[PDB]
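Heads up, the Cβs are rebuilt from the backbone with ideal geometry, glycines too, and the neighbour counts pull from every protein chain shown. We did not get these values from a lab; they are worked out from the coordinates using the rules stated.
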Amino acid sequence: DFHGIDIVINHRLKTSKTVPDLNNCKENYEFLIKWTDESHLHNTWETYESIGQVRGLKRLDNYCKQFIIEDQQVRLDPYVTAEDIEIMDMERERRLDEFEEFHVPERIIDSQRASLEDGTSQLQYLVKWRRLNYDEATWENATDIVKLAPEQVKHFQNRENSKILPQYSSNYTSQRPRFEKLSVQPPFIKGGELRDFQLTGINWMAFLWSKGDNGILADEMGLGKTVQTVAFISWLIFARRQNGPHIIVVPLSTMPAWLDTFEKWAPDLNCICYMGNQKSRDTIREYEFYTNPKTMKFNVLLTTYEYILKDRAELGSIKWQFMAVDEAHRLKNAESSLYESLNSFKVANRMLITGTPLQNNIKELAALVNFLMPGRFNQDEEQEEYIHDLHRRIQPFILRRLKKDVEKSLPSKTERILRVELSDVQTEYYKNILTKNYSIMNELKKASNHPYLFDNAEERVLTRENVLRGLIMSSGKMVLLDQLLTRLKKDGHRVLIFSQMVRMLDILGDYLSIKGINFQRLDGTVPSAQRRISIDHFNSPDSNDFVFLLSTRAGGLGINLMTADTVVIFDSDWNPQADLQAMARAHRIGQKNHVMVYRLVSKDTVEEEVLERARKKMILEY
Amino acid sequence: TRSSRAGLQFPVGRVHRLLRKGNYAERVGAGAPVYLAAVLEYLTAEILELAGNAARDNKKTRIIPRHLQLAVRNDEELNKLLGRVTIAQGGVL
Amino acid sequence: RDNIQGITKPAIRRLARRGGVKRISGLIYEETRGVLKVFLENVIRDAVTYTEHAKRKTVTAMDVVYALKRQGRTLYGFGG
Amino acid sequence: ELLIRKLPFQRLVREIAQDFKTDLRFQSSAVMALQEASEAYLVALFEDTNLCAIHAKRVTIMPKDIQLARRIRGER
Amino acid sequence: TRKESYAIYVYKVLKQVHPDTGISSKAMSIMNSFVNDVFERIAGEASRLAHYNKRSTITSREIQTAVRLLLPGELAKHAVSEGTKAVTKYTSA
DNA sequence: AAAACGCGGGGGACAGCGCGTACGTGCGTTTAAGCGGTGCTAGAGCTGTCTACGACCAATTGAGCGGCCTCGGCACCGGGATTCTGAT
DNA sequence: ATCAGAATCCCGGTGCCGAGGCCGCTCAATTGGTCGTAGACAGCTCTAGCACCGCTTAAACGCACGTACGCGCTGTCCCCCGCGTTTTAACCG
Ligand SMILES: Nc1ncnc2c1ncn2[C@@H]1O[C@H](COP(=O)(O)OP(=O)(O)O)[C@@H](O)[C@H]1O
Ligand code: BEF
């Protein structure tokens, strides 16, 4: 409402000691501020005397203090080492690059005309910038916007005067026109190089749509299921003129991947990402509908499970023609509030995507089938027939493809289990938690993995040397991890480590920081932006990171991890399907390195039982 | 049914059953359960009436903890009856 | 921190405002944690005694209600 | 709505019960009852304490105020 | 399974006193626990009184004295009156 | 033996006035926490069998209750020593 | 710094009532047996409330600022003490 400091970009010396004082900062150093309710590119150099008394000064002090401490421990501190400065200028340049890209627009929302002090009815563009949700969206000058990105303004104009709007979407639900078995890429798909199996899947799902019933894309993780989804959305919106809104609900951390896929295989098609705070939602409500007492313009709306649950009611009004769920494994619980919410959603056709269709128990497969098609769905020898008749019944409604039969270029997958000996400290903790007075199966798992997980196990085993020797020698699992990490570093390989516990990941991060390896971490507590930065860095052509720390399912459900060769699973997650789904994060079609999977198991512990019983779940897949 | 013939809404028979099974005395009079059911019905009717009045004052068709607690605490009578009592999810007067 | 400090200064604040307190002294908070601490010791002691008698390894809402009823503040809502 | 704060209260209750017994395993309803009772007690006590301050010609409650309230209640 | 609660009866009284209003599971639990508390209190009083009078039976006059002691006043007369109408009409049939 | 009136008198109430510690109040961060969702498996909560346990009943008797009767011990008194108390 | 004047206090004397013992014979105790059935025990199926992790975001923490009130000090003047004196209600045969 009133101009004032909101974010600060960077610093500099106005004109050419260890701890700058307040006067030293105020006079010599000068700061590039952003003003509130302004674009992120309308920045300006500023100094205390010029800004005067204005809100945000506390943030000017907080950033300046961060700058002073940074200048203290870059090199003028007594302790200086090459790794330290490397991390400092690395984080510095990353922050610079992110803020530099915060300037350029990503999309334009609307154009409005307003009289200025001079009376000109100059046009103004509301513009969303890259790496921002629709919150903090400002009306920028039309002239500046067209100069800065004429291409985006062209896409904007095409969007507002688009021949693909929902409002005259055809209504073929009375009888769906019969299709023709496609043998070539339709010219609509502007990504190119669609695979033969992907065409077969598109035609399978089109035949199923035409017949009217629904199905689950059960192709195993890493066969371009997202690309098939985008191709079929374009197919509905072009071949069948069903312009009307579609909803894609995807796990978070894969939403940017879905924007990339939609834009690169269908640039003309409009998609709206639906996340951010309540202001982001409100700025979406400003645009997704018209100010009138109703039509949808957005061709597709992308969102996540949490946002579906939160805005169930408000989205529930919108007549959806195609609702597609990615990674249909959170829909395996009938009681799940997402299950109830999606049933409550008013949807013409539902599609499910999952690398792993059949989960731990047949009840989950039954629940998935029922939510696909509601109302349409022991002794050993009777069971042997019954499973097969249920399977035969669902084969027309399921499509699954194996990486071995098709995509021969995908190198074979090798998985190996390494039985590890429990160290002395782990054994001691183990016997302690088989009794009381050391001062649940979880505690066995923690003790088997690594004793630092416990509250005050630091003193029990324990300069720079001492901490590292303690951490390595405390777990035989970690000792084998050292041998493999050094071997892979010698071989120039890249690794990603799947740990169930966030504390396991924290222990790994402290270890790798101490030993000096550069890594990248992705976890549930990580905000969406910096997760995307993490994935972009690890996937860039140049990558000084050799280790990717991951949870079992935050980065092991739907994320893309091109350019990794080794997957080290610390422990099974009680679900072999989820273990496989994490394992297929490096066995994508885009891998020419013959991924090898090392699963670490402690001997004479709970993990042997865990594997022996996950074996039962594997046998039930048949 | 003893309650239905009684024209009281409370179970005279089950009150008698609990008085027998509660080790209260070896024999229970015929009129004691009847009288106790009558007083229980009366107190419930009074409290429910007050709760409904509070709900009307709050323009709500639904009687919630705050309605019941507000009734009990505004009314001096029930307040002295249940002064050293706390109603779950109940707000302050 | 230790979970006695889990009862946060804003929580103590909201309690006081509900009870009608206009201002709270900084020394109030420690002692509120203290009285909360001793009351919980009493009620949990009676509840655990109830379970131990019942050969039940799970504190039950009926046990909590019975404990409170003896201490002199009957709790309605969780009856069974 | 409830104001003594859920998970902090549950953990406080857990360590309090830890001293009286080990491998003791609460119920959700039991935790709710405990929190509601403690809420009621503390609101009553702050009402008393504010009476005490108002009688001492003070608007801000004090340690001495809450100790007065307690030692007239009698648990102290 | 058969659960010991005053559900249907509180519903019946509530529809009698306020036909439009309804009560949910939680508030029924509040009413049920309250009625159980009042009823336990009255029955304990009656048993204690029969004991102190060395009388080994319970009856409407026991409950008379219990209700009169427990209810603070200005519903004591009402509770006595409705209980008495119930017990005379019982002893008739 | 206690209550009730009355007088002067000291002590302290109550109000005012000042200063300064402490308080509430933003300002946003970092924190943690609903409110979903995972996989357990401790341990209910329930049933069924069968034993020792306990409730009633005579028959036998020995601890308790009321009545009765002594005499230590407590309350009582005067007189004598102890004592905390201003008052100047 | 001191000692006079009330109250408190030490001892022991005499008188009276209740405590504590004894006695009888009342009543319920204590074996001794029998029968029924409540609980211990064993066993099963199934609940539900762990342990943690997402994810968003309300809430808590820290810090800084300004000023309303806590506590102290002083001053005056109402309102009780603390007798002495005069009623008065009570005292226990
Ligand atoms: N034909 C293709 N051309 C280019 N990239 C592809 C193709 N097929 C798949 N990919 C890439 O593979 C990645 C993974 O797709 P997939 O694992 O099947 O689904 P999801 O992305 O939902 O996990 C996508 O991010 C996509 O970029
Ligand atoms: F197919 Be996986 F979920 F990327």
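A few points about this structure:
- Between the listed residues C:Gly6, C:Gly79, C:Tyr50, the Cα displaced farthest toward the positive end of the dipole of chain C, a dipole computed from Cβ unit charges relative to the Cα centre, is found at C:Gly6.
- Its Cα centre serving as origin, chain C has a Cβ charge dipole (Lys and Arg +1, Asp and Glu -1) of approximately 400 debye.
- By the count of neighbouring beta-carbon atoms within 10 Å, fewest first, A:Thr463, E:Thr88, A:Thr283 end up ordered A:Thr463, E:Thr88, A:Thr283.
- Helix-only [θ]222 nm of chain A, DSSP H runs n ≥ 4, -39500 (n - 2.57) each, per residue, nearest 500: -12500 deg cm²/dmol
- Computed on the Cα trace of chain E, the radius of gyration divided by the Kirkwood hydrodynamic radius gives Rg/Rh = 1.03.
- Chain E: relative contact order as a whole-number percent, Cα under 8 Å and 6+ apart: 17
- Residue list for region A:292-331, given a label point 7 angstrom along the Cα-to-Cβ vector of A:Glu160 and an amide N cut-off under 15 Å: A:297
- Residue pairs exceeding 22 angstrom between C-alpha atoms, taken from A:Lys26/A:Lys128; A:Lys404/A:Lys489; A:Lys128/A:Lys154: A:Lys26/A:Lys128; A:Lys404/A:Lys489.
- Averaged over the residues of E:65-76, the number of partner chain Cβ atoms lying within 10 Å of the residue Cβ comes to 3.
- Chain D, helix-only ellipticity at 222 nm - DSSP H runs n ≥ 4, -39,500 (n - 2.57), divided by all residues, nearest 500: -24000 deg cm²/dmol
- Its DSSP H runs of at least 4 residues, each contributing -39,500 (n - 2.57), put the calculated 222 nm mean residue ellipticity of chain B at -19000 deg cm²/dmol, to the nearest 500.
- Shielding by other protein chains, E:23-29, mean Cβ within 10 Å: 5
- Cα gyration tensor, region A:4-106 - rounded (a/c under 1.5), prolate or oblate: oblate
- Likely footprinting exposure, E:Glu74, A:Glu340, fewest C-beta neighbours within 10 Å first: E:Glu74, A:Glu340
- Highest average packing first - A:561-570, A:74-83, Cβ atoms within 10 Å: A:561-570, A:74-83
- Of A:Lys363/A:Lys477; B:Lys80/E:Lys26; B:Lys80/C:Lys69; A:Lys34/A:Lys297; A:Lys592/A:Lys616; B:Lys59/E:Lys12, pairs whose Cα-Cα distance is over 28 Å: A:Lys363/A:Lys477; A:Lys34/A:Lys297; A:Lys592/A:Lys616
- DSSP-defined antiparallel bridges as percent of all bridges, chain A, nearest 5: 30
- Under 11 Å, Cβ to Cβ, from A:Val597 - net charge with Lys/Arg +1 and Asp/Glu -1: +1
- Using the Cα coordinates of chain C, the gyration tensor eigenvalues translate into equivalent-ellipsoid semi-axes of 29, 15, 10 Å, sorted from longest to shortest.
- Sorting the segments A:60-67, A:516-523, A:223-230 by their residues' average number of neighbouring beta-carbon atoms within 10 angstrom, most packed first, yields A:223-230, A:516-523, A:60-67.
- Inter-part distance where region E:1-75 and region A:301-340 are each reduced to a Cα centre, Å: 48
- Size of electric dipole in the protein assembly as shown: Cβ of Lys, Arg +1 and of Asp, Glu -1, about Cα centre, debye, nearest 20: 4280
- Anisotropy class of region A:489-546 from Cα gyration tensor, a/c 1.5 cut: oblate
- With semi-axes defined as the square roots of five times the eigenvalues of the C-alpha gyration tensor, the equivalent ellipsoid of chain A measures 42, 41, 20 Å, largest first.
- Toward the positive end of the charge dipole of region A:149-219, with +1 on the Cβ of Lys and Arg and -1 on the Cβ of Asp and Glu, the farthest Cα among A:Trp209, A:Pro166, A:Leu194 is that of A:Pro166.
- Remark: spin-label model distance A:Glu193-A:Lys489 equals 3.4 nm, labels positioned 7 Å along the Cα→Cβ axis.
- Gaussian network model of chain B, springs between alpha carbon atoms under 10 Å - residue of B:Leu78, B:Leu18, B:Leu40 with greatest fluctuation: B:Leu18
- Shown here for region C:1-35: trypsin sites (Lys or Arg not before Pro) in loop regions (DSSP other than H, G, I, E, B) with at most 11 other Cβ atoms within 10 Å, namely C:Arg1.
- Comparing A:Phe570, A:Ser474, A:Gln157 along the charge dipole axis of chain A, the residue lying farthest to the positive side is A:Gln157, per the Cβ-charge model.
- About its Cα centre, the dipole of chain B is roughly 440 debye, where the only charges are +1 on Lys and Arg Cβ and -1 on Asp and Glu Cβ.
- Peptide E:15-21 has a mean of 5 when you count, residue by residue, the C-beta atoms of other protein chains within 10 Å of its C-beta.
- Region C:18-80 and region A:39-104 have their alpha-carbon centroids 51 Å apart.
- Mean-position separation - Cα centroids, region A:362-395 and region B:1-63, in angstrom: 52
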